[PDB]
>>> print(open('target.cif').read())   # mmCIF, N, CA and C atoms
data_target
loop_
_atom_site.label_atom_id
_atom_site.label_comp_id
_atom_site.auth_asym_id
_atom_site.auth_seq_id
_atom_site.Cartn_x
_atom_site.Cartn_y
_atom_site.Cartn_z
N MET E 1 19.55 -213.40 -30.49
CA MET E 1 18.45 -213.20 -29.56
C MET E 1 18.46 -211.78 -29.01
N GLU E 2 17.44 -211.44 -28.23
CA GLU E 2 17.33 -210.11 -27.64
C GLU E 2 17.25 -209.05 -28.73
N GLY E 3 17.01 -207.80 -28.32
CA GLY E 3 16.91 -206.71 -29.27
C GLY E 3 16.65 -205.38 -28.60
N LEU E 4 17.58 -204.45 -28.76
CA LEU E 4 17.45 -203.12 -28.16
C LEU E 4 17.08 -202.08 -29.21
N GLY E 5 16.06 -201.29 -28.92
CA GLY E 5 15.63 -200.26 -29.85
C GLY E 5 16.12 -198.88 -29.46
N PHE E 6 15.19 -197.93 -29.36
CA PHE E 6 15.54 -196.56 -28.99
C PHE E 6 14.46 -195.95 -28.11
N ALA E 7 13.22 -195.97 -28.60
CA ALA E 7 12.09 -195.42 -27.85
C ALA E 7 12.33 -193.95 -27.52
N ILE E 8 12.79 -193.19 -28.51
CA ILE E 8 13.06 -191.77 -28.32
C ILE E 8 12.12 -190.92 -29.17
N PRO E 9 11.52 -189.90 -28.54
CA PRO E 9 10.59 -188.99 -29.23
C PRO E 9 11.30 -188.08 -30.23
N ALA E 10 10.54 -187.22 -30.88
CA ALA E 10 11.09 -186.30 -31.86
C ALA E 10 11.96 -185.23 -31.19
N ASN E 11 12.52 -184.34 -32.00
CA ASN E 11 13.38 -183.28 -31.48
C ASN E 11 12.54 -182.14 -30.91
N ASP E 12 13.16 -181.31 -30.08
CA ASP E 12 12.47 -180.18 -29.47
C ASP E 12 13.33 -178.92 -29.55
N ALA E 13 13.01 -178.05 -30.51
CA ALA E 13 13.74 -176.81 -30.69
C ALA E 13 13.30 -175.75 -29.68
N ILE E 14 12.03 -175.83 -29.28
CA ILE E 14 11.48 -174.88 -28.32
C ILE E 14 11.64 -173.45 -28.81
N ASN E 15 10.69 -173.00 -29.63
CA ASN E 15 10.72 -171.64 -30.17
C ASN E 15 9.31 -171.06 -30.26
N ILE E 16 8.70 -170.82 -29.10
CA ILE E 16 7.36 -170.26 -29.05
C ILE E 16 7.34 -168.93 -28.30
N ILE E 17 6.61 -167.96 -28.84
CA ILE E 17 6.51 -166.65 -28.22
C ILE E 17 5.06 -166.22 -28.07
N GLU E 18 4.19 -167.19 -27.80
CA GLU E 18 2.76 -166.91 -27.64
C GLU E 18 2.10 -167.95 -26.74
N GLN E 19 1.27 -167.49 -25.82
CA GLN E 19 0.58 -168.39 -24.90
C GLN E 19 -0.65 -169.01 -25.56
N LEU E 20 -1.26 -168.26 -26.47
CA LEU E 20 -2.44 -168.74 -27.18
C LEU E 20 -3.53 -169.17 -26.20
N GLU E 21 -4.57 -169.81 -26.72
CA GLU E 21 -5.68 -170.27 -25.89
C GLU E 21 -6.68 -171.07 -26.71
N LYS E 22 -6.18 -171.80 -27.70
CA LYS E 22 -7.03 -172.61 -28.56
C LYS E 22 -6.29 -173.86 -29.03
N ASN E 23 -6.98 -174.69 -29.81
CA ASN E 23 -6.40 -175.92 -30.32
C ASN E 23 -6.15 -175.82 -31.83
N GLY E 24 -5.81 -176.95 -32.44
CA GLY E 24 -5.55 -176.96 -33.87
C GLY E 24 -5.43 -178.37 -34.42
N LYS E 25 -5.82 -178.54 -35.68
CA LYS E 25 -5.76 -179.85 -36.33
C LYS E 25 -5.55 -179.70 -37.83
N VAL E 26 -5.45 -180.83 -38.53
CA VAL E 26 -5.25 -180.83 -39.97
C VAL E 26 -6.48 -180.28 -40.69
N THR E 27 -7.55 -181.07 -40.72
CA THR E 27 -8.78 -180.67 -41.38
C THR E 27 -9.75 -180.04 -40.39
N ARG E 28 -10.32 -178.90 -40.76
CA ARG E 28 -11.26 -178.19 -39.90
C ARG E 28 -12.63 -178.08 -40.57
N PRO E 29 -13.67 -177.83 -39.76
CA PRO E 29 -15.04 -177.70 -40.26
C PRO E 29 -15.25 -176.43 -41.07
N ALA E 30 -16.23 -176.46 -41.97
CA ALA E 30 -16.53 -175.31 -42.81
C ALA E 30 -18.01 -175.25 -43.14
N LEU E 31 -18.51 -174.04 -43.37
CA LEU E 31 -19.92 -173.84 -43.69
C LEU E 31 -20.15 -172.45 -44.28
N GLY E 32 -19.12 -171.89 -44.90
CA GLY E 32 -19.23 -170.57 -45.50
C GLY E 32 -19.70 -170.63 -46.94
N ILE E 33 -20.93 -171.07 -47.14
CA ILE E 33 -21.50 -171.17 -48.48
C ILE E 33 -22.78 -170.36 -48.59
N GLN E 34 -22.94 -169.66 -49.71
CA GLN E 34 -24.12 -168.84 -49.95
C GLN E 34 -25.12 -169.57 -50.85
N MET E 35 -26.39 -169.53 -50.47
CA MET E 35 -27.44 -170.18 -51.24
C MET E 35 -28.71 -169.33 -51.26
N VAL E 36 -29.69 -169.76 -52.05
CA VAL E 36 -30.95 -169.05 -52.15
C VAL E 36 -32.10 -170.00 -52.45
N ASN E 37 -33.28 -169.67 -51.93
CA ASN E 37 -34.47 -170.50 -52.13
C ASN E 37 -34.81 -170.60 -53.62
N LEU E 38 -35.40 -171.72 -54.01
CA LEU E 38 -35.78 -171.94 -55.40
C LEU E 38 -36.59 -170.76 -55.94
N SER E 39 -37.53 -170.29 -55.14
CA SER E 39 -38.37 -169.16 -55.53
C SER E 39 -39.37 -168.81 -54.43
N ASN E 40 -38.87 -168.74 -53.20
CA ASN E 40 -39.71 -168.41 -52.05
C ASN E 40 -40.78 -169.48 -51.84
N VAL E 41 -40.42 -170.73 -52.12
CA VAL E 41 -41.34 -171.85 -51.96
C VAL E 41 -42.64 -171.60 -52.72
N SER E 42 -42.61 -171.87 -54.02
CA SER E 42 -43.78 -171.68 -54.87
C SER E 42 -44.11 -172.95 -55.64
N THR E 43 -45.27 -172.96 -56.30
CA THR E 43 -45.70 -174.12 -57.07
C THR E 43 -44.78 -174.36 -58.26
N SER E 44 -44.17 -173.28 -58.75
CA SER E 44 -43.27 -173.38 -59.90
C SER E 44 -42.06 -174.25 -59.57
N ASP E 45 -41.56 -174.13 -58.35
CA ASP E 45 -40.41 -174.91 -57.91
C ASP E 45 -40.76 -176.39 -57.82
N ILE E 46 -42.03 -176.68 -57.52
CA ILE E 46 -42.49 -178.06 -57.40
C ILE E 46 -42.30 -178.81 -58.72
N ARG E 47 -42.78 -178.21 -59.81
CA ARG E 47 -42.67 -178.83 -61.12
C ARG E 47 -41.21 -178.86 -61.59
N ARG E 48 -40.45 -177.85 -61.18
CA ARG E 48 -39.04 -177.77 -61.55
C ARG E 48 -38.24 -178.91 -60.93
N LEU E 49 -38.70 -179.38 -59.78
CA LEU E 49 -38.03 -180.48 -59.08
C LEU E 49 -38.36 -181.82 -59.73
N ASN E 50 -39.57 -182.31 -59.47
CA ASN E 50 -40.01 -183.58 -60.03
C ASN E 50 -41.41 -183.93 -59.54
N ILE E 51 -41.50 -184.40 -58.30
CA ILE E 51 -42.79 -184.77 -57.72
C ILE E 51 -42.69 -184.87 -56.20
N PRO E 52 -42.41 -183.73 -55.55
CA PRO E 52 -42.29 -183.66 -54.09
C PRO E 52 -43.63 -183.84 -53.39
N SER E 53 -43.65 -183.57 -52.09
CA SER E 53 -44.87 -183.72 -51.30
C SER E 53 -44.61 -183.37 -49.83
N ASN E 54 -43.50 -183.87 -49.30
CA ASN E 54 -43.14 -183.62 -47.91
C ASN E 54 -42.08 -182.53 -47.81
N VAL E 55 -41.41 -182.26 -48.93
CA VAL E 55 -40.37 -181.24 -48.98
C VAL E 55 -40.91 -179.92 -49.52
N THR E 56 -41.26 -179.91 -50.80
CA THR E 56 -41.80 -178.72 -51.44
C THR E 56 -40.76 -177.60 -51.47
N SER E 57 -40.11 -177.44 -52.62
CA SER E 57 -39.09 -176.41 -52.78
C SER E 57 -37.90 -176.67 -51.86
N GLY E 58 -36.91 -175.78 -51.91
CA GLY E 58 -35.74 -175.93 -51.08
C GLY E 58 -34.73 -174.82 -51.29
N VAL E 59 -33.45 -175.14 -51.11
CA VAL E 59 -32.39 -174.16 -51.29
C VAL E 59 -31.34 -174.65 -52.29
N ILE E 60 -30.74 -173.71 -53.01
CA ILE E 60 -29.72 -174.04 -54.00
C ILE E 60 -28.47 -173.19 -53.81
N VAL E 61 -27.31 -173.84 -53.81
CA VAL E 61 -26.04 -173.14 -53.65
C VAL E 61 -25.72 -172.29 -54.88
N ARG E 62 -25.16 -171.11 -54.65
CA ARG E 62 -24.80 -170.21 -55.73
C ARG E 62 -23.50 -169.48 -55.43
N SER E 63 -22.73 -170.02 -54.49
CA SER E 63 -21.46 -169.42 -54.10
C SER E 63 -20.69 -170.34 -53.15
N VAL E 64 -19.88 -171.22 -53.71
CA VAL E 64 -19.09 -172.15 -52.91
C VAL E 64 -17.73 -171.57 -52.57
N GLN E 65 -17.22 -171.90 -51.38
CA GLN E 65 -15.93 -171.41 -50.94
C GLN E 65 -14.80 -172.32 -51.41
N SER E 66 -13.90 -171.77 -52.21
CA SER E 66 -12.77 -172.53 -52.74
C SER E 66 -13.27 -173.77 -53.49
N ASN E 67 -14.53 -173.75 -53.88
CA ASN E 67 -15.13 -174.87 -54.60
C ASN E 67 -14.65 -176.20 -54.03
N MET E 68 -14.55 -176.27 -52.71
CA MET E 68 -14.10 -177.49 -52.04
C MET E 68 -15.16 -178.58 -52.13
N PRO E 69 -16.34 -178.31 -51.56
CA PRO E 69 -17.46 -179.26 -51.56
C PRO E 69 -18.06 -179.44 -52.95
N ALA E 70 -18.03 -178.37 -53.74
CA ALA E 70 -18.57 -178.41 -55.10
C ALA E 70 -17.62 -179.12 -56.05
N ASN E 71 -16.39 -179.37 -55.58
CA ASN E 71 -15.39 -180.04 -56.40
C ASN E 71 -15.94 -181.33 -56.99
N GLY E 72 -16.94 -181.91 -56.33
CA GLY E 72 -17.54 -183.13 -56.81
C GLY E 72 -18.70 -183.59 -55.95
N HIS E 73 -18.55 -183.45 -54.63
CA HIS E 73 -19.60 -183.84 -53.70
C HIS E 73 -20.95 -183.26 -54.11
N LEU E 74 -20.93 -182.03 -54.62
CA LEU E 74 -22.15 -181.36 -55.05
C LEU E 74 -21.91 -180.58 -56.34
N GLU E 75 -22.98 -180.34 -57.09
CA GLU E 75 -22.89 -179.60 -58.34
C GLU E 75 -22.94 -178.09 -58.08
N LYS E 76 -22.65 -177.31 -59.12
CA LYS E 76 -22.66 -175.86 -59.01
C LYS E 76 -23.97 -175.37 -58.39
N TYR E 77 -25.08 -175.92 -58.87
CA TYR E 77 -26.40 -175.54 -58.36
C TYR E 77 -26.62 -176.10 -56.96
N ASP E 78 -26.33 -177.38 -56.79
CA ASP E 78 -26.50 -178.04 -55.50
C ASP E 78 -27.83 -177.66 -54.86
N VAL E 79 -28.89 -178.35 -55.27
CA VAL E 79 -30.23 -178.08 -54.74
C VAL E 79 -30.52 -178.96 -53.53
N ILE E 80 -30.24 -178.44 -52.34
CA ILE E 80 -30.47 -179.17 -51.11
C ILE E 80 -31.93 -179.04 -50.66
N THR E 81 -32.54 -180.17 -50.33
CA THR E 81 -33.93 -180.19 -49.89
C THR E 81 -34.04 -180.67 -48.45
N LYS E 82 -33.02 -181.39 -47.99
CA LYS E 82 -33.01 -181.91 -46.63
C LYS E 82 -31.69 -181.57 -45.93
N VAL E 83 -31.76 -181.31 -44.63
CA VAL E 83 -30.58 -180.98 -43.85
C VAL E 83 -30.69 -181.49 -42.42
N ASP E 84 -29.75 -182.34 -42.03
CA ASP E 84 -29.74 -182.90 -40.68
C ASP E 84 -31.10 -183.53 -40.35
N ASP E 85 -31.68 -184.21 -41.33
CA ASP E 85 -32.97 -184.86 -41.14
C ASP E 85 -34.07 -183.82 -40.88
N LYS E 86 -33.91 -182.65 -41.47
CA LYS E 86 -34.88 -181.57 -41.31
C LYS E 86 -35.25 -180.95 -42.65
N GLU E 87 -36.47 -180.44 -42.75
CA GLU E 87 -36.94 -179.83 -43.99
C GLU E 87 -36.57 -178.35 -44.03
N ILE E 88 -36.14 -177.88 -45.20
CA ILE E 88 -35.76 -176.49 -45.37
C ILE E 88 -36.49 -175.86 -46.56
N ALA E 89 -36.23 -174.58 -46.79
CA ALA E 89 -36.86 -173.87 -47.89
C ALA E 89 -36.03 -172.66 -48.31
N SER E 90 -35.49 -171.95 -47.32
CA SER E 90 -34.67 -170.77 -47.59
C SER E 90 -33.28 -170.92 -46.98
N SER E 91 -32.27 -170.46 -47.70
CA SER E 91 -30.89 -170.54 -47.24
C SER E 91 -30.71 -169.77 -45.93
N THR E 92 -31.46 -168.68 -45.79
CA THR E 92 -31.38 -167.86 -44.59
C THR E 92 -32.03 -168.55 -43.40
N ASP E 93 -33.07 -169.33 -43.67
CA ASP E 93 -33.78 -170.06 -42.61
C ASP E 93 -32.92 -171.20 -42.08
N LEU E 94 -32.36 -171.99 -42.98
CA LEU E 94 -31.52 -173.12 -42.60
C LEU E 94 -30.21 -172.64 -41.99
N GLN E 95 -29.68 -171.54 -42.53
CA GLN E 95 -28.43 -170.98 -42.04
C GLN E 95 -28.59 -170.44 -40.62
N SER E 96 -29.68 -169.71 -40.40
CA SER E 96 -29.96 -169.13 -39.09
C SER E 96 -30.23 -170.22 -38.06
N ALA E 97 -31.05 -171.19 -38.44
CA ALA E 97 -31.39 -172.30 -37.55
C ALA E 97 -30.15 -173.08 -37.15
N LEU E 98 -29.30 -173.38 -38.13
CA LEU E 98 -28.07 -174.13 -37.88
C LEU E 98 -27.14 -173.35 -36.96
N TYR E 99 -26.94 -172.08 -37.26
CA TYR E 99 -26.07 -171.22 -36.47
C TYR E 99 -26.74 -170.84 -35.15
N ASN E 100 -28.01 -171.20 -35.01
CA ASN E 100 -28.77 -170.90 -33.80
C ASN E 100 -28.62 -172.02 -32.78
N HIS E 101 -29.03 -173.22 -33.16
CA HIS E 101 -28.95 -174.38 -32.28
C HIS E 101 -27.89 -175.37 -32.77
N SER E 102 -27.28 -176.08 -31.83
CA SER E 102 -26.24 -177.05 -32.17
C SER E 102 -25.04 -176.37 -32.80
N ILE E 103 -24.13 -175.88 -31.96
CA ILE E 103 -22.93 -175.21 -32.44
C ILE E 103 -21.83 -176.21 -32.77
N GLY E 104 -21.16 -176.00 -33.90
CA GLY E 104 -20.09 -176.90 -34.30
C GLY E 104 -20.56 -178.33 -34.47
N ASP E 105 -21.87 -178.51 -34.59
CA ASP E 105 -22.45 -179.84 -34.76
C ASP E 105 -22.41 -180.27 -36.22
N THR E 106 -22.35 -181.58 -36.44
CA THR E 106 -22.30 -182.12 -37.79
C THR E 106 -23.70 -182.41 -38.32
N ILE E 107 -23.93 -182.07 -39.59
CA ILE E 107 -25.23 -182.29 -40.21
C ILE E 107 -25.08 -182.94 -41.59
N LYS E 108 -26.17 -183.50 -42.10
CA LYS E 108 -26.16 -184.14 -43.40
C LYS E 108 -27.03 -183.37 -44.40
N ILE E 109 -26.43 -182.99 -45.52
CA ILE E 109 -27.15 -182.25 -46.55
C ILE E 109 -27.57 -183.17 -47.69
N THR E 110 -28.85 -183.13 -48.03
CA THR E 110 -29.38 -183.96 -49.11
C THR E 110 -29.89 -183.10 -50.26
N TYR E 111 -29.23 -183.21 -51.41
CA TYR E 111 -29.61 -182.44 -52.59
C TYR E 111 -29.90 -183.37 -53.77
N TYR E 112 -30.36 -182.78 -54.87
CA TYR E 112 -30.68 -183.55 -56.06
C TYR E 112 -30.14 -182.86 -57.31
N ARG E 113 -29.62 -183.66 -58.24
CA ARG E 113 -29.07 -183.13 -59.48
C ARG E 113 -29.63 -183.88 -60.69
N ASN E 114 -30.41 -183.18 -61.50
CA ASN E 114 -31.01 -183.78 -62.69
C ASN E 114 -31.76 -185.06 -62.33
N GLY E 115 -32.51 -185.01 -61.24
CA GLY E 115 -33.27 -186.17 -60.81
C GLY E 115 -32.39 -187.24 -60.19
N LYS E 116 -31.16 -186.87 -59.86
CA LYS E 116 -30.21 -187.80 -59.25
C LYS E 116 -29.99 -187.46 -57.78
N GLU E 117 -30.58 -188.26 -56.90
CA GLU E 117 -30.44 -188.05 -55.46
C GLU E 117 -28.99 -188.18 -55.03
N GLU E 118 -28.53 -187.23 -54.21
CA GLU E 118 -27.16 -187.24 -53.73
C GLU E 118 -27.06 -186.58 -52.36
N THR E 119 -26.58 -187.33 -51.37
CA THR E 119 -26.43 -186.81 -50.02
C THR E 119 -24.98 -186.85 -49.57
N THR E 120 -24.60 -185.90 -48.71
CA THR E 120 -23.24 -185.83 -48.20
C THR E 120 -23.21 -185.30 -46.77
N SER E 121 -22.24 -185.77 -45.99
CA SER E 121 -22.11 -185.35 -44.60
C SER E 121 -21.11 -184.21 -44.47
N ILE E 122 -21.52 -183.14 -43.80
CA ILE E 122 -20.65 -181.98 -43.61
C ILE E 122 -20.75 -181.45 -42.18
N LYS E 123 -19.61 -181.03 -41.64
CA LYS E 123 -19.57 -180.51 -40.28
C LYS E 123 -19.45 -178.98 -40.29
N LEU E 124 -20.31 -178.33 -39.51
CA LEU E 124 -20.30 -176.87 -39.43
C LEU E 124 -19.19 -176.38 -38.50
N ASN E 125 -18.56 -175.28 -38.88
CA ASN E 125 -17.48 -174.70 -38.08
C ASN E 125 -18.03 -173.79 -36.99
N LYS E 126 -17.55 -173.97 -35.77
CA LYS E 126 -18.00 -173.15 -34.64
C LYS E 126 -17.08 -171.95 -34.45
N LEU E 127 -17.66 -170.84 -33.99
CA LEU E 127 -16.90 -169.62 -33.76
C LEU E 127 -16.09 -169.24 -34.99
#
>>> encode(input="target.cif", output="structure tokens")
Amino acid sequence: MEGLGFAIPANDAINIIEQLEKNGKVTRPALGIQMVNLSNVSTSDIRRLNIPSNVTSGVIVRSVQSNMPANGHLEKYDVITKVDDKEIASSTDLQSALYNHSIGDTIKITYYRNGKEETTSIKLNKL
């Protein structure tokens, strides 16, 4: 009967020489990806897509960082047409808007590959 354990925390070497002023975690947010509009939102992009109407053209990735998200979540081209339930057209427009309002906020990117709809959730890094 009965039972005694330990209830003792980890060791403490105490070896710090910096006051710092920030936090830290395992996985952090990222959004350092370069993209470009299909063609400045033109009729040519419409036919290239399939049969849009509410979107009309969009943005396509052409430079992934460490090919992390492109590893599978998205293709090399990654043609995103929707972002955070919002319509886009130019990488500079969506990038500026995102970095403008809602800092460090999480958004959902919706792209299409060979007529195959594919959406993924990604969190933008603040500061």
>>> atom_distance(input="target.cif", atom1="atom CA of residue 91 of chain E", atom2="atom CA of residue 108 of chain E")
14.9 Å
>>> closest_residue(input="target.cif", among="E:34, E:39, E:15, E:81", to="residue 55 of chain E", atoms="only C-alpha atoms")
E:81
>>> resolve_selection(input="target.cif", expression="the PyMOL selection byres (((chain E and resi 29 and name CA) around 6) and name CA)", output="compact mmCIF listing (two decimals) with N, CA and C atoms, in the frame of the given file")
# COMPACT_ATOMS: atom_id res chain seq x y z
N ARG E 28 -10.32 -178.90 -40.76
CA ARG E 28 -11.26 -178.19 -39.90
C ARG E 28 -12.63 -178.08 -40.57
N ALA E 30 -16.23 -176.46 -41.97
CA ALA E 30 -16.53 -175.31 -42.81
C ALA E 30 -18.01 -175.25 -43.14
N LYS E 123 -19.61 -181.03 -41.64
CA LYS E 123 -19.57 -180.51 -40.28
C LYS E 123 -19.45 -178.98 -40.29
N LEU E 124 -20.31 -178.33 -39.51
CA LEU E 124 -20.30 -176.87 -39.43
C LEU E 124 -19.19 -176.38 -38.50
N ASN E 125 -18.56 -175.28 -38.88
CA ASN E 125 -17.48 -174.70 -38.08
C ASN E 125 -18.03 -173.79 -36.99
>>> atom_distance(input="target.cif", atom1="atom CA of residue 88 of chain E", atom2="atom CA of residue 27 of chain E")
27.6 Å
>>> axis_aligned_box(input="target.cif", around="segment 21-36 of chain E", padding_each_side="6 Å", output="AutoDock Vina command-line options")
--center_x -18.3 --center_y -175.0 --center_z -39.2 --size_x 39.5 --size_y 24.2 --size_z 38.6
>>> atom_distance(input="target.cif", atom1="atom N of residue 49 of chain E", atom2="atom C of residue 106 of chain E")
26.4 Å
>>> residues_around(input="target.cif", residues="segment 109-121 of chain E", least_positions_apart="4", cutoff="6 Å", atoms="all atoms listed in the file", output="number ranges by chain")
E: 78-84
>>> select_by_dssp(input="target.cif", residues="segment 14-118 of chain E", states="strand (DSSP E)", output="PyMOL selection string")
chain E and resi 34-37+59-63+79-83+86-87+106-113+116-118
>>> select_by_dssp(input="target.cif", residues="segment 79-127 of chain E", states="helix (DSSP H, G or I)", output="ChimeraX atom specification")
/E:91-100
>>> closest_residue(input="target.cif", among="E:11, E:42, E:71, E:23", to="residue 57 of chain E", atoms="only N, CA and C atoms")
E:42
>>> closest_residue(input="target.cif", among="E:8, E:36, E:46, E:103", to="residue 63 of chain E", atoms="only N, CA and C atoms")
E:36
>>> residues_around(input="target.cif", residues="segment 99-101 of chain E", least_positions_apart="3", cutoff="10 Å", atoms="only C-alpha atoms", output="PyMOL selection string")
chain E and resi 31+93-96+104-105+124-127
>>> closest_residue(input="target.cif", among="E:41, E:35, E:97, E:122", to="residue 68 of chain E", atoms="only C-alpha atoms")
E:122
>>> closest_residue(input="target.cif", among="E:32, E:85, E:43, E:53", to="residue 66 of chain E", atoms="all atoms listed in the file")
E:32
>>> decode(input="target.cif", residues="segment 28-41 of chain E", atoms="N, CA, C and O atoms", output="tab-separated table (two decimals), in the first residue's frame")
chain	number	residue	atom	x	y	z
E	28	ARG	N	7.62	28.63	-35.39
E	28	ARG	CA	7.26	30.04	-35.50
E	28	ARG	C	6.59	30.32	-36.84
E	28	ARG	O	6.71	29.55	-37.80
E	29	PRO	N	5.87	31.45	-36.92
E	29	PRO	CA	5.17	31.86	-38.14
E	29	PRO	C	6.12	32.29	-39.24
E	29	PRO	O	7.25	32.71	-38.98
E	30	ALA	N	5.67	32.17	-40.49
E	30	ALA	CA	6.49	32.54	-41.64
E	30	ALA	C	5.62	33.06	-42.78
E	30	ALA	O	4.46	32.67	-42.92
E	31	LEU	N	6.20	33.94	-43.59
E	31	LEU	CA	5.48	34.52	-44.72
E	31	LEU	C	6.44	35.17	-45.71
E	31	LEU	O	6.07	36.10	-46.43
E	32	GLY	N	7.68	34.68	-45.73
E	32	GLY	CA	8.67	35.23	-46.63
E	32	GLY	C	8.68	34.53	-47.98
E	32	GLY	O	9.66	33.87	-48.34
E	33	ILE	N	7.60	34.68	-48.73
E	33	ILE	CA	7.48	34.06	-50.04
E	33	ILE	C	7.22	35.11	-51.12
E	33	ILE	O	6.44	36.03	-50.93
E	34	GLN	N	7.89	34.95	-52.26
E	34	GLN	CA	7.73	35.88	-53.37
E	34	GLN	C	6.78	35.32	-54.42
E	34	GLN	O	6.88	34.14	-54.79
E	35	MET	N	5.87	36.15	-54.90
E	35	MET	CA	4.90	35.74	-55.91
E	35	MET	C	4.65	36.85	-56.92
E	35	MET	O	5.14	37.97	-56.75
E	36	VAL	N	3.89	36.54	-57.96
E	36	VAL	CA	3.57	37.52	-59.00
E	36	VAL	C	2.21	37.24	-59.61
E	36	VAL	O	1.79	36.09	-59.73
E	37	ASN	N	1.52	38.31	-60.01
E	37	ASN	CA	0.20	38.18	-60.62
E	37	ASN	C	0.27	37.38	-61.91
E	37	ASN	O	1.29	37.39	-62.61
E	38	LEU	N	-0.81	36.68	-62.23
E	38	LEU	CA	-0.88	35.86	-63.44
E	38	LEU	C	-0.45	36.67	-64.66
E	38	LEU	O	0.31	36.19	-65.50
E	39	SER	N	-0.95	37.90	-64.76
E	39	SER	CA	-0.62	38.77	-65.88
E	39	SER	C	-1.31	40.12	-65.73
E	39	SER	O	-1.90	40.64	-66.68
E	40	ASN	N	-1.24	40.69	-64.53
E	40	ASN	CA	-1.86	41.99	-64.26
E	40	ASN	C	-3.38	41.90	-64.41
E	40	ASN	O	-4.02	42.86	-64.84
E	41	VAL	N	-3.94	40.76	-64.05
E	41	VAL	CA	-5.38	40.55	-64.14
E	41	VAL	C	-5.89	40.83	-65.55
E	41	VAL	O	-6.41	41.91	-65.83
